Amino acid sequence: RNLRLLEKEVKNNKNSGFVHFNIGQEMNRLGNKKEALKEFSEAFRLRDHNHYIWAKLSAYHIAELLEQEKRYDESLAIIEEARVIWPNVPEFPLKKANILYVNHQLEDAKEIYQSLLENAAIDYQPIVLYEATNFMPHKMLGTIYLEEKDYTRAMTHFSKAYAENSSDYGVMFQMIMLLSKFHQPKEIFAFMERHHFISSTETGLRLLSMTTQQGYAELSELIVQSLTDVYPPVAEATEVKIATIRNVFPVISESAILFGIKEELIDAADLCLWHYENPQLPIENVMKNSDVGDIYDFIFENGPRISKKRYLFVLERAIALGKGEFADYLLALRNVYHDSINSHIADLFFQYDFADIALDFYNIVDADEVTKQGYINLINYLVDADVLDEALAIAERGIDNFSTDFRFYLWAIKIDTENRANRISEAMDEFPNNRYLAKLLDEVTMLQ
């Protein structure tokens, strides 16, 4: 009805960029991404002046629709043209940084995020208010430094992102998970308390959903005890999940299981683990009333094979909780999948700090079936192993298979020290616009 109104208006106006823009928003609402791009492109073209906010939003939406369609070169072209028209709009350099991040060029992304922060030269004025203009740069800077294993700068930017948007579970989850690597649970709870992570019982339960799944038993315990007036059946479910991490035999009423599902504390991975440990629980009945009775039948009754993603999700939970007996049970089931399944199993063990087990699986896999992450793991393992000959060998395998992935060129640069000059050049040939590579070439000329 709103669209039909706009389509009558554009029949008698045609030359109004604003009507076309409004049609693009409606196409956006209805998910017609192809027609939204065309309408937003027409609104930008028909603009009479550059000061219209909707003319700015047109370029932003064009860039986004292009980004959603993985047409990154064309998105960056739209972004750069728009930065030149409107140099005080931060969504355009933000989106450039995001594109660079998902295309694995972290130092170039980092550079842009930092310049968005505390910029006394450009008076940035947002054109959309989805998030606080400074949440996204801090969050992504924290993400980059974490991946670069700079845990201090990660925590600093994760905490500043939290100050901008304290209901974002994502950065809360990141700080807890990062701190769990290095600190006592009580120290982690004290940090959570003085920054007021647990703003309510509800928020505590959403946090508990992450901490139990990662196997943070003591921290989950301190969290749940700090909560007041938790509906008893939800408390029981939480207690049982914590007790399960500690290998207590799981005993839980059907009521606590059902409310544990309703609060999203219990998924099909939990139910399978509990059925494996305690066959008396009414879990078969519970699962078949939740459309996951196929999961039950595959894992326990020789039933038909479930999707590999769902099987890997049950396997992941067992690995993450340290449930090695159940994990071995689950691994015997892999032989009904194609051989390529062992590439993902290898990835799982490596993610949860089982590099030795993961290699056992990586050796099972034909090199064509190894994921990019797998290459990255094997390079990291071999560099930590001081076998830089073999490390560089896998990095070149990465370049040839995944010619567009930045990380394998960078690995070949960092390792092949007696050829760094040619390596940076070979990288620049595939990434002519990457600014870090030029910083690196300048550093070999300073050394040479």
Side-chain angles (χ1 to χ4, degrees), residues 2-3 5-10 13 15-32 35-37 39-69 71-103 108-109 111-117 119-129 131-140 164-165 432-433 435:
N2 295 329
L3 185 69
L5 269 191
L6 291 172
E7 283 173 0
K8 155 115 184 160
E9 192 179 24
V10 83
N13 205 345
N15 280 333
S16 165
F18 183 63
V19 177
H20 283 282
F21 171 83
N22 287 319
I23 295 177
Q25 293 212 123
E26 281 292 310
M27 293 308 189
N28 234 345
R29 286 146 197 154
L30 320 179
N32 193 324
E35 200 72 31
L37 176 73
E39 289 295 345
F40 283 133
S41 300
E42 192 66 5
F44 179 89
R45 178 181 77 85
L46 286 165
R47 78 194 188 280
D48 281 326
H49 315 305
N50 284 325
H51 64 257
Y52 298 126
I53 169 94
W54 51 268
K56 317 175 182 191
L57 294 165
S58 310
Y60 168 81
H61 284 131
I62 294 168
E64 198 151 65
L65 295 177
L66 295 172
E67 177 195 34
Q68 302 181 28
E69 293 300 302
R71 287 156 82 185
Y72 298 117
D73 300 322
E74 300 182 85
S75 190
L76 292 164
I78 289 292
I79 284 164
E80 169 64 18
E81 174 187 56
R83 297 175 67 191
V84 170
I85 302 175
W86 300 293
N88 70 345
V89 171
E91 286 87 345
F92 301 129
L94 185 62
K95 195 165 288 293
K96 178 172 167 179
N98 295 163
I99 286 173
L100 288 167
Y101 174 85
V102 313
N103 278 262
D108 281 28
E111 165 181 35
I112 292 163
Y113 293 124
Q114 279 157 172
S115 78
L116 286 171
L117 288 180
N119 195 310
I122 312 298
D123 187 24
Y124 282 119
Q125 290 155 33
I127 57 174
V128 295
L129 292 171
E131 282 160 347
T133 148
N134 274 204
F135 170 76
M136 188 54 168
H138 284 293
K139 164 171 116 173
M140 295 300 305
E164 298 289 331
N165 183 8
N433 298 121
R435 291 148 64 86

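The figures here come from the full heavy-atom set of this structure, side chains too, leaving out hydrogens, waters and symmetry mates. Starting from 1, each residue takes its place in the sequence as its number.
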With a cut-off of 3.5 Å and sequence neighbours excluded, list every side-chain donor-acceptor pair involving residues 48-56.
{"residue": "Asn50", "atom": "OD1", "partner": "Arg47", "partner atom": "NE", "Å": "2.6"}
{"residue": "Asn50", "atom": "OD1", "partner": "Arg47", "partner atom": "NH2", "Å": "3.2"}

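- How far CZ of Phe92 is from CD1 of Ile112: 14.0 Å, rounded to the nearest 0.5 Å.
- Rounded to the nearest 0.5 Å, atoms CD (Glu74) and CD1 (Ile62) are 11.5 Å apart.
- The two residues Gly17 and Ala43 make their nearest non-hydrogen contact at O-CB, 3.1 Å.
- Between atom CD of residue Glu111 and atom CG of residue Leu100 there is a gap of 9.5 Å, rounded to the nearest 0.5 Å.
- The heavy-atom pair separating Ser115 from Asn119 by the smallest distance is O-ND2, 2.7 Å.
- Within the 4.5 Å cutoff, the side chain of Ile78 has no heavy atoms near those of the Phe44 side chain.
- We find the CD-CZ distance between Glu26 and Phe21 to be 11.5 Å, quoted to the nearest 0.5 Å.
- Using a 4.5 Å heavy-atom threshold, the side chains of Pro93 and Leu116 count as touching.
- Under a 3.5 Å cut-off, the side chain of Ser41 and the backbone N or O of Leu37 do form a donor-acceptor pair.
- With rounding to the nearest 0.5 angstrom, the NZ atom of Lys139 is 9.0 Å from the CG atom of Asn165.
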Give the intermediate values and the outcome of side chain to side chain contact (heavy atoms under 4.5 Å, CB included) for residues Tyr124 and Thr133. CA-CA 9 Å; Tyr124 282 119; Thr133 148; 5.6 Å; no
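- Interatomic distance, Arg83 CZ to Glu91 CD, rounded to the nearest 0.5 Å: 12.5 Å.
- Counting heavy atoms from C-beta on, the side chains of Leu66 and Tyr72 never come closer than 4.5 Å.
- Here the side chains of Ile99 and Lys96 are not in contact, with every heavy-atom distance at 4.5 Å or above.
- Considering all non-hydrogen atoms of both residues, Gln125 and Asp123 come closest at NE2-OD2, 3.1 Å.
- For the pair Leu76 and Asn433, the minimum side-chain heavy-atom distance is 4.5 Å or more.
- Side-chain atoms of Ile79 and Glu67, non-hydrogen and from C-beta on, never get closer than 4.5 Å to each other.
- Residues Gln25 and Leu57 fail the side-chain proximity criterion, which asks for heavy atoms closer than 4.5 Å.
- Side chains of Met27 and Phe40 form no contact here, defined as non-hydrogen atoms less than 4.5 Å apart.
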Walk me through it: do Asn28 and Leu65 pass the test side chain to side chain contact (heavy atoms under 4.5 Å, CB included)? CA-CA 9 Å; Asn28 234 345; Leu65 295 177; 4.1 Å; yes
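- Contact record, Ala97 with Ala109: O-CB, 3.4 Å, taken as the closest heavy-atom pair.
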